[PDB]
Amino acid sequence: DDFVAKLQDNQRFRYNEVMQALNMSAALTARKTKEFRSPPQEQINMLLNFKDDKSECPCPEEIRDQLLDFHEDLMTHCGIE
Amino acid sequence: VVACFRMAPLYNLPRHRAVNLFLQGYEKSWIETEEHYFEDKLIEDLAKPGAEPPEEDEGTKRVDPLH
């Protein structure tokens, strides 16, 4: 619940931030505005790729840290750790 | 025009739909990819005669759990 609430808020913020640069950059509509045009499943697919260190995921550090902590807690509960 | 190029985005999707999506994405991206190595220790524990000779059977060797 709260993870996707924060993720949706930040995605809306990023969208409304980039909309000012739409007139500034013509290629932007082909290079940067890809997540907003991407299929909804594949949007969260890159949004949840802050796993490992590939780090192409457009997710801020705090939102990444929330899920990183929750996943460690889940592994500890499952006994994997 | 811009709306046509866009599809429905996540921030416009309802919370429960986005939650179901996130559950599936988390399952495929994080849970499945997570790997833990337990096979060798599990097989060793199963193969161990669990104090079977200390256990007084006075008979043929009892089969270990792996057996």
# chains A, B, ... in the order shown; residues from 1 in each chain; ligands from 1

$ residues_around --residues "residue 50 of chain A" --least-positions-apart "2" --cutoff "12 Å" --atoms "only C-alpha atoms" --output "list in words"
residues 44, 45, 46, 47, 48, 52, 53, 54, 55, 56, 57, 58, 59, 60, 61, 62, 63, 64, 65, 66, 67 and 68 of chain A; 26, 29 and 30 of chain B

$ residues_around --residues "segment 40-56 of chain B" --least-positions-apart "2" --cutoff "8 Å" --atoms "only C-alpha atoms" --output "PyMOL selection string"
chain B and resi 37-38+58+61-62+64-67

$ interface_residues --of "chain B" --to "chain A" --cutoff "9 Å" --atoms "only C-alpha atoms" --output "list in words"
residues 5, 6, 7, 8, 9, 10, 11, 12, 13, 15, 16, 18, 19, 21, 22, 24, 25, 26, 29, 30, 31, 35 and 36 of chain B

$ select_by_dssp --residues "chain B" --states "helix (DSSP H, G or I)" --output "number ranges by chain"
B: 2-5, 15-31, 39-47

$ closest_residue --among "B:39, B:57, B:2, B:33" --to "residue 19 of chain A" --atoms "only C-alpha atoms"
B:2

$ atom_distance --atom1 "atom CA of residue 32 of chain B" --atom2 "atom CA of residue 70 of chain A"
15.9 Å

$ decode --residues "segment 22-38 of chain A" --atoms "N, CA, C and O atoms" --output "PDB file, in the first residue's frame"
ATOM      1  N   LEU A  22       9.264  19.317 -22.229  1.00  0.00           N
ATOM      2  CA  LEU A  22       8.773  18.773 -23.491  1.00  0.00           C
ATOM      3  C   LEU A  22       8.996  19.755 -24.634  1.00  0.00           C
ATOM      4  O   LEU A  22       9.437  19.364 -25.720  1.00  0.00           O
ATOM      5  N   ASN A  23       8.702  21.037 -24.409  1.00  0.00           N
ATOM      6  CA  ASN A  23       8.967  22.042 -25.431  1.00  0.00           C
ATOM      7  C   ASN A  23      10.461  22.293 -25.578  1.00  0.00           C
ATOM      8  O   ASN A  23      10.938  22.641 -26.666  1.00  0.00           O
ATOM      9  N   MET A  24      11.218  22.120 -24.492  1.00  0.00           N
ATOM     10  CA  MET A  24      12.649  22.407 -24.523  1.00  0.00           C
ATOM     11  C   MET A  24      13.402  21.393 -25.376  1.00  0.00           C
ATOM     12  O   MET A  24      14.289  21.761 -26.155  1.00  0.00           O
ATOM     13  N   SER A  25      13.068  20.110 -25.241  1.00  0.00           N
ATOM     14  CA  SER A  25      13.770  19.044 -25.954  1.00  0.00           C
ATOM     15  C   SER A  25      12.785  18.294 -26.841  1.00  0.00           C
ATOM     16  O   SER A  25      11.798  17.738 -26.346  1.00  0.00           O
ATOM     17  N   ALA A  26      13.057  18.277 -28.148  1.00  0.00           N
ATOM     18  CA  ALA A  26      12.211  17.533 -29.076  1.00  0.00           C
ATOM     19  C   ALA A  26      12.485  16.035 -29.016  1.00  0.00           C
ATOM     20  O   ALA A  26      11.552  15.231 -29.133  1.00  0.00           O
ATOM     21  N   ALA A  27      13.750  15.642 -28.848  1.00  0.00           N
ATOM     22  CA  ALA A  27      14.078  14.224 -28.744  1.00  0.00           C
ATOM     23  C   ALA A  27      13.560  13.632 -27.440  1.00  0.00           C
ATOM     24  O   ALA A  27      13.432  12.407 -27.316  1.00  0.00           O
ATOM     25  N   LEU A  28      13.247  14.491 -26.463  1.00  0.00           N
ATOM     26  CA  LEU A  28      12.800  14.022 -25.156  1.00  0.00           C
ATOM     27  C   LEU A  28      11.578  13.119 -25.272  1.00  0.00           C
ATOM     28  O   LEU A  28      11.466  12.122 -24.550  1.00  0.00           O
ATOM     29  N   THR A  29      10.671  13.432 -26.195  1.00  0.00           N
ATOM     30  CA  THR A  29       9.474  12.631 -26.411  1.00  0.00           C
ATOM     31  C   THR A  29       9.788  11.247 -26.964  1.00  0.00           C
ATOM     32  O   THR A  29       8.890  10.400 -27.034  1.00  0.00           O
ATOM     33  N   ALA A  30      11.037  11.007 -27.365  1.00  0.00           N
ATOM     34  CA  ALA A  30      11.468   9.699 -27.827  1.00  0.00           C
ATOM     35  C   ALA A  30      12.503   9.036 -26.932  1.00  0.00           C
ATOM     36  O   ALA A  30      12.695   7.820 -27.046  1.00  0.00           O
ATOM     37  N   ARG A  31      13.173   9.782 -26.053  1.00  0.00           N
ATOM     38  CA  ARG A  31      14.224   9.223 -25.210  1.00  0.00           C
ATOM     39  C   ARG A  31      13.900   9.248 -23.723  1.00  0.00           C
ATOM     40  O   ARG A  31      14.200   8.281 -23.016  1.00  0.00           O
ATOM     41  N   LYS A  32      13.298  10.325 -23.213  1.00  0.00           N
ATOM     42  CA  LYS A  32      13.049  10.398 -21.777  1.00  0.00           C
ATOM     43  C   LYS A  32      11.625   9.981 -21.439  1.00  0.00           C
ATOM     44  O   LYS A  32      11.398   9.263 -20.458  1.00  0.00           O
ATOM     45  N   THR A  33      10.653  10.417 -22.233  1.00  0.00           N
ATOM     46  CA  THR A  33       9.262  10.033 -22.005  1.00  0.00           C
ATOM     47  C   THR A  33       8.996   8.632 -22.550  1.00  0.00           C
ATOM     48  O   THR A  33       8.279   8.425 -23.526  1.00  0.00           O
ATOM     49  N   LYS A  34       9.635   7.648 -21.917  1.00  0.00           N
ATOM     50  CA  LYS A  34       9.418   6.247 -22.230  1.00  0.00           C
ATOM     51  C   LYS A  34       8.695   5.497 -21.124  1.00  0.00           C
ATOM     52  O   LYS A  34       7.867   4.634 -21.427  1.00  0.00           O
ATOM     53  N   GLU A  35       8.981   5.809 -19.860  1.00  0.00           N
ATOM     54  CA  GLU A  35       8.298   5.156 -18.751  1.00  0.00           C
ATOM     55  C   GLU A  35       6.809   5.486 -18.748  1.00  0.00           C
ATOM     56  O   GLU A  35       5.971   4.602 -18.540  1.00  0.00           O
ATOM     57  N   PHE A  36       6.464   6.753 -18.986  1.00  0.00           N
ATOM     58  CA  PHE A  36       5.061   7.153 -18.966  1.00  0.00           C
ATOM     59  C   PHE A  36       4.280   6.542 -20.122  1.00  0.00           C
ATOM     60  O   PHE A  36       3.072   6.314 -19.998  1.00  0.00           O
ATOM     61  N   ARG A  37       4.939   6.279 -21.248  1.00  0.00           N
ATOM     62  CA  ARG A  37       4.293   5.630 -22.379  1.00  0.00           C
ATOM     63  C   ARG A  37       4.411   4.113 -22.345  1.00  0.00           C
ATOM     64  O   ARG A  37       3.795   3.439 -23.176  1.00  0.00           O
ATOM     65  N   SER A  38       5.183   3.569 -21.408  1.00  0.00           N
ATOM     66  CA  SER A  38       5.443   2.142 -21.369  1.00  0.00           C
ATOM     67  C   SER A  38       4.253   1.384 -20.779  1.00  0.00           C
ATOM     68  O   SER A  38       3.478   1.940 -19.999  1.00  0.00           O
TER      69      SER A  38
END
